[PDB]
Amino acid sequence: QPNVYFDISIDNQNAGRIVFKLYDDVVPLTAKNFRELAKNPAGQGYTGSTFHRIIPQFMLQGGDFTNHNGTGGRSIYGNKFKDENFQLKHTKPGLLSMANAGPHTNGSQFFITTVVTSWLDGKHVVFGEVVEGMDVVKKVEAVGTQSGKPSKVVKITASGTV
């Protein structure tokens, strides 16, 4: 199954492309959900949504494509799907992990780590890593703030598989 890309704008200016390799062999349903949400048309997935919460030296969070503020989103399976396993750990920057509201509540929201976050191990499912565009991840992280409210709008202007 192919890698996933997001094209990113910051303050409505193109900032480049992030490409992710997903760990389908280990968390196939978690990988499948993020890949189909990336392929979907605007309004039905990541295309046209924002990184609504960004905290430097911690992570960039996105995937709320229904409310744009952290209260929304839904997986391709419905509102919530299970934690498949916690075999992969938050061992390095640039990992994709699911946000949730406790055990077995994954939806569409995810975050990309920018530091080692090993205190999340066993509570958030890691399912992929950035393989191109850590430069772009840096630039998005630079508009984060103490409150997590981005100081410039960061949009996924296109997404799909490459």
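The first residue of the sequence shown is number 1, and the count goes up from there.
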| query | finding |
| --- | --- |
| Mean temperature factor over C-alpha atoms, higher-scoring stretch between 108-116 and 66-74 | 66-74 |
| Of 37-45 and 125-133, the one with larger mean CA B-factor | 37-45 |
| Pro56 - Cα temperature factor, lowest/middle/highest third of chain | lowest |
| B-factor third for the C-alpha atom of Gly102 within its chain | highest |
| CA B-factor placement of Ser9, once the chain's modelled residues are sorted into thirds | middle |
